[PDB]
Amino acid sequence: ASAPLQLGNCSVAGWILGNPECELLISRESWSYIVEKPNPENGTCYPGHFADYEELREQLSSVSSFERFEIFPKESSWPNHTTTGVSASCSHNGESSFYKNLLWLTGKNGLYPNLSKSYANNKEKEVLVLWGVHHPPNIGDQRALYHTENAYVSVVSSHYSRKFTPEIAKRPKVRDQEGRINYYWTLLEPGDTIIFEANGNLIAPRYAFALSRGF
């Protein structure tokens, strides 16, 4: 049939990002509309702003095809960087976890060389790519994680082009997190190529979503 997508205690944010508690029955192939709660409990476990949330929340309302794929393999695409980053705020069953669709790239051997990863959308469908940018509360943690203080994150596509810089500032304490991670998303049309170049503070994507907005 075409029943609605039930999110339960989860919001669209934690659902699409891969919140460690929002990873059950969410692999549904198609749905007509989304049903959540007036005040969801599980979403962005790591505090941060979700850019273009309403736009994304409306694009994913009616979906006819929906499958996720490892756009960047964890054990294959990040040799010089550490990928096993886990946060206490995104705890799951008494264990510090992280988003399953994103990767917290940090330094390896005290070094963070600039990376350049690209992806060609050869799937004949529209791909939803999501990424984050970390903002440490102090510059001491900025150097500990990414080795550099002048970090840049450039995300360039055929229909998207934006550069990011960290705003080092001590935010209010939310879930024992005085830093922030801003979440950004874009739709990659068939044939488009998205580029990721960064030297720090990049929350790299792991699983994208090849979808098609239909009935």
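Start at 1 with the first residue shown and count on from there.
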When the C-alpha temperature factors are averaged for each of 89-97 and 140-148, which stretch ends up with the higher value in the entry? 89-97
Mean Cα B-factor check, 187-195 vs 201-209, entry values; winner is 187-195
Whose C-alpha has the highest temperature factor in the PDB entry: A120, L105, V133, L128? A120
Tertile call for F69 (CA temperature factor, within chain, third-based) is the lowest
Lowest, middle or highest third: which one holds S11 when the chain's residues are ordered by CA B-factor from the entry? middle
What third of the chain, by the recorded C-alpha B-factor, contains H159? highest
Looking at the C-alpha B-factor of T84, is it in the lowest, middle or highest third of its chain? lowest
Lowest, middle or highest third - CA B-factor, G43: middle
